[PDB]
Amino acid sequence: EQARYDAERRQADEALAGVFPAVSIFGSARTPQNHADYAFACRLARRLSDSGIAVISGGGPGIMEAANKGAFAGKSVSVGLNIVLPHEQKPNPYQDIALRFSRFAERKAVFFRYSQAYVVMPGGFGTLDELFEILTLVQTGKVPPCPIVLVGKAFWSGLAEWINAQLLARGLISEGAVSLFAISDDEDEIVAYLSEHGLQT
Amino acid sequence: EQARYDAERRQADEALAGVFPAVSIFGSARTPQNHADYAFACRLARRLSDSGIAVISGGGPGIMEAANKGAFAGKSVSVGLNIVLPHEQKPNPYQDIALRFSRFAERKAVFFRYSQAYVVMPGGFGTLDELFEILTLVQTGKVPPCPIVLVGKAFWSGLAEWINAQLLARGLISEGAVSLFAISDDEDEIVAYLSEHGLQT
Amino acid sequence: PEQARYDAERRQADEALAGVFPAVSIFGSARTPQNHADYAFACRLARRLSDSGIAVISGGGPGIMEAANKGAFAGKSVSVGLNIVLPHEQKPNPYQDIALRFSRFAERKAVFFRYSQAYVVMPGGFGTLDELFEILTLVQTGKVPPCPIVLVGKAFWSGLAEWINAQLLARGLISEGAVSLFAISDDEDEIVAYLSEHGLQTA
Amino acid sequence: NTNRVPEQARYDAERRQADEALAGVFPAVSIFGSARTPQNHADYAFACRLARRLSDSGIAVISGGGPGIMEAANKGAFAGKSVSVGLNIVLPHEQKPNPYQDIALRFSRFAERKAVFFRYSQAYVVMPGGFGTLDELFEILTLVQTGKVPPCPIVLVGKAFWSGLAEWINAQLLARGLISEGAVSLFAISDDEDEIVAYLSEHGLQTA
């Protein structure tokens with residue numbers, strides 16, 4: 001069992017040893033193909049791929065598929081980190097490097113080892129897990145600083161307002177903690193902000 | 001490096017092999033000793049410990065110390081899962097079992113392997129990491145169902161309202177997903193709800 | 001009359017450095033001669049960081065401070081001197097795009113630690129060790145965000161690191177992670193890779 | 001810019017509160033050292049006894065007000081005839097004041113805290129400590145070296161603990177010319193309370 005987890009770790013490290021730079025795109029497994037956010041994530045991933053940036057996603061349906069689809073059609077590699085779950089996430093067919101993980105831990109370690117920026121489409125608890133984990137790892141200095149962009153102002157604004165009204169206001173986090181992420185609805189604004197903060201087109 | 005992480009994993013498994021049942025208490029490293037939430041978490045942990053439940057916390061300052069302090073004064077073991085960080089978290093002196101982790105991954109694996117319930121005091125990004133990770137692991141069936149209680153209605157309500165208005169409303173999560181957690185300000189309400197949903201006093 | 005002067009020096013620095021990001025501070029001895037290997041190393045490093053878009057902040061005097069400003073001044077990014085008023089007057093070196101002045105060490109170090117995202121520490125005396133242990137303390141206690149700290153000169157620094165490991169860490173006077181707060185190197189490539197890999201926003 | 005009270009107002013207020021409390025406090029010594037030294041460590045007993053001796057000879061004792069050596073210093077000074085001062089620091093991870101302070105002050109930042117140590121002390125005793133202790137040590141050495149504060153005795157306690165550092169200073173700083181021979185003479189190292197007290201008095205600390 002531990003044997004398998006380590007093996008899945010070693011396979012991902014081999015497969016990705018030559019991949020740089022890279023962005024991770026997170027978001028809902030449930031977003032339909034005809035949704036605005038699906039088209040958005042696909043075109044963004046296409047654009048980033050064509051400027052030499054690899055795209056890593058969870059490799060399943062929904063936003064993971066939109067991201068892989070765009071990047072599969074772009075110049076750079078499309079990477080998928082499929083998670084094995086009772087409620088099955090079928091791997092999408094738009095991956096140059098197709099990896100599989102039995103556990104969330106090794107999956108996220110690959111995300112955070114091999115990415116230098118993060119785009120977060122709207123998602124559920126698992127996307128919020130990813131979001132607050134990378135915020136934690138950055139704030140604590142366990143991974144290097146990197147841009148984190150939430151996409152969808154109507155969706156995300158209420159979370160940011162709650163973070164300011166409750167976490168910042170009570171001193172549970174510092175002012176610089178709130179600055180670790182930005183929110184945007186604009187593809188141009190997003191790609192600019194990513195390169196402005198260290199992503200290497 | 002990988003050697004050390006595995007070693008820290010094995011030490012925790014040895015140290016905790018005889019500990020059951022158990023609750024985890026999460027919350028801010030920054031909560032001062034004279035805060036209401038600090039007193040609350042301490043008395044709750046005291047009460048739970050006296051009814052035969054072990055208490056696991058992050059083993060550092062703030063809420064982690066309040067929880068260890070109460071449980072250290074209770075009949076059952078007090079457990080601390082200290083995390084090594086640049087911004088140092090000094091281990092508090094109220095731990096029967098004092099463990100140390102170089103990485104968040106092994107630390108949370110111990111939390112989630114050895115607990116059957118969760119109490120979440122107000123906290124920052126790292127507490128939200130823990131919260132949405134256990135929600136994800138439960139919702140996906142990677143760990144068994146278990147009660148998850150957020151403490152502090154004024155603090156937490158705005159997050160729950162955002163989850164309903166945005167995640168549930170858009171179908172990103174199901175109605176049963178929102179039911180995986182409850183919010184309370186009352187020690188009696190909390191201990192009842194914990195045993196009502198499987199915690200074994 | 002007095003606090004107002006320090007306030008004005010602080011605001012002058014905030015005004016001047018408002019758009020300056022990213023930035024690295026380089027510390028080291030005022031006494032290092034212009035023909036010394038460490039002077040050349042700091043100059044070459046500062047030039048390379050500068051050409052990668054990183055501003056370079058030094059204490060603005062002679063020695064390592066001048067080597068750092070000289071390399072940064074020749075590079076694409078700005079060269080900042082934080083010049084200190086000493087009873088034995090220290091003359092500012094000629095290689096500053098932004099020349100700031102401070103009556104006290106306190107405001108000077110506050111500016112270093114507010115406007116830098118990484119530190120490179122050449123060999124120096126008591127004033128360099130004040131800076132070094134101050135930034136380590138500020139990081140350890142959560143007053144300043146964690147950032148790369150590189151000590152340059154394996155032979156020069158190794159004795160201090162071995163004493164820290166044996167007599168501080170092994171007595172529990174520092175945390176197990178406190179030794180990971182800094183690295184020691186004397187390869188320019190190694191150092192540039194380390195600064196990038198750990199947060200310094202390199203080109 | 002938004003209309004707000006400046007951050008600086010807090011540091012000004014904390015410095016004024018310190019000056020109010022310490023106005024008539026003279027002479028005084030600062031005792032530095034690890035927050036982490038156990039109560040049963042030899043360093044803790046040494047610092048407590050020394051602080052009591054200095055206090056009974058008329059010398060106020062200033063420490064950082066927390067646990068460890070700070071608690072040992074304040075404990076000895078509190079029992080002694082002269083005042084026991086704590087310069088407590090406010091940190092994201094709370095540091096709890098020790099119960100042995102006649103004068104208890106609070107600082108939001110290390111800078112104002114150290115300014116108070118250095119304005120109100122005429123001598124320094126440094127028990128073994130970590131990075132924050134070494135910050136204090138090399139900061140006061142720098143301020144004395146450069147003439148920002150008047151000459152004063154600085155004593156490191158524990159020849160064996162400090163020897164590795166003193167040897168490194170000699171082999172690397174002094175031998176490479178980064179400091180002068182006069183610089184090394186700015187601090188003494190001692191194991192002995194009688195020798196320490198004599199040294200402090202010989203270099204200007206006003207004993208009874």
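A quick note on method: Cβ atoms are made from the backbone with ideal geometry, for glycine too, and the neighbour counts reach across all protein chains shown. Throughout, read-outs are computed from the coordinates displayed, never taken from laboratory work.
One table, with the values for the structure above:
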item	result
Whichever residue in segment D:176-205 is farther than 26 Å from D:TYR44 by Cα and small (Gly, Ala, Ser) and, among such residues, is surrounded by the most Cβ atoms within 10 Å (Cβ to Cβ)	D:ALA183
Yes/no for A:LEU131 being within 7 Å of another protein chain (Cβ to nearest Cβ) and either at negative phi or surrounded by fewer than 23 Cβ atoms within 10 Å (Cβ to Cβ) (or both)	no
Counted residues, segment C:180-196 - those being without any contact (Cβ under 8 Å) to a residue 24 or more places away in the chain, in a helix (DSSP H, G or I) and more than 14 Å from chain D (Cβ to nearest Cβ)	4
Members of segment D:165-179 found to be within 7 Å of chain C (Cβ to nearest Cβ) and closer than 23 Å to D:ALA123 by Cα, listed by number	D:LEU165, D:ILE179
Output for segment C:39-62, where each listed residue is in contact with an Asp or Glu (Cβ under 9 Å, 6 or more places away or on another chain) and within 24 Å of C:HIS88 (Cα to Cα)	C:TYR39, C:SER58, C:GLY59, C:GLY60
Output for segment B:113-122, where each listed residue is farther than 18 Å from B:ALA29 by Cβ and buried (at least 19 other Cβ atoms within 10 Å of the Cβ)	B:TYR114, B:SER115, B:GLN116, B:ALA117
Residue in segment A:52-73 that is surrounded by fewer than 16 Cβ atoms within 10 Å (Cβ to Cβ) and either under 27 Å from A:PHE155 (Cα atoms) or of a type in the set (A, V, I, L, M) (or both) present	yes
Residue in segment B:160-178 that is in contact with a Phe, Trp or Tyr (Cβ under 8 Å, 6 or more places away or on another chain), among the hydrophobic types (A, V, I, L, M, F, W, C) and closer than 25 Å to B:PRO61 by Cβ present	no
Residues satisfying the stated conditions in segment B:1-23, i.e. small (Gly, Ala, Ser) and touching a helix residue (DSSP H, G or I) at 6+ places or on another chain (Cβ under 9 Å)	B:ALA12, B:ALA22
Any pair with Cβ under 6 angstrom, 6 or more apart, that starts in segment A:14-31 at a residue that is on the phi < 0 side of the Ramachandran plot and within 12 Å of another protein chain (Cβ to nearest Cβ) and ends at one that is surrounded by fewer than 17 Cβ atoms within 10 Å (Cβ to Cβ) and not hydroxyl-bearing (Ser, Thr, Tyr)	A:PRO21/A:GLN200
Given (1) among the small types (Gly, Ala, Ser); (2) surrounded by 21 or more Cβ atoms within 10 Å (Cβ to Cβ); (3) within 12 Å of chain C (Cβ to nearest Cβ), number of the condition D:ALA160 does not satisfy	(2)
Any hit, segment C:30-41, residues being in contact with a helix residue (DSSP H, G or I) (Cβ under 8 Å, 6 or more places away or on another chain) and of a type in the set (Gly, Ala, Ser)	yes
Odd one out for C:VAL144 among (1) under 16 Å from C:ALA106 (Cα atoms); (2) within 14 Å of the chain's Cα centre (by Cα)	(2)
Residue identified as within 12 Å of another protein chain (Cβ to nearest Cβ), among the β-branched types (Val, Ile, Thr) and touching a residue at least 24 places away in the same chain (Cβ under 8 Å) among B:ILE56, B:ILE63	B:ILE63
Residue within segment B:76-97 that is within 30 Å of B:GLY176 (Cβ to Cβ) and away from every other protein chain (no Cβ under 13 Å) present	yes
Some residue of segment C:147-156 being under 17 Å from D:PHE110 (Cα atoms), under 17 Å from the mean Cα position of the chain (by Cα) and within 14 Å of chain A (Cβ to nearest Cβ)	no
Which numbered condition D:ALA104 misses (of (1) surrounded by fewer than 18 Cβ atoms within 10 Å (Cβ to Cβ); (2) in contact with a strand residue (DSSP E or B) (Cβ under 8 Å, 6 or more places away or on another chain); (3) more than 15 Å from D:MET70 (Cβ to Cβ))	(3)
Hits in segment C:16-66 - residues which are over 23 Å from C:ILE84 (Cα atoms) and aromatic (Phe, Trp, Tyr)	C:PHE41
Options A:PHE101, A:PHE111; residue that is closer than 30 Å to C:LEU181 by Cβ, hydrophobic (A, V, I, L, M, F, W, C) and more than 10 Å from every other protein chain (Cβ to nearest Cβ)	A:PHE111
Candidate set: segment C:37-96, residues that are of a type in the set (A, V, I, L, M) and in contact with a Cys (Cβ under 8 Å, 6 or more places away or on another chain); chosen: the one nearest to C:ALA203 (Cα to Cα)	C:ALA68
Residue match in segment A:65-72 (condition: of a type in the set (A, V, I, L, M), closer than 27 Å to B:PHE112 by Cα and in contact with a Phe, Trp or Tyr (Cβ under 9 Å, 6 or more places away or on another chain))	no
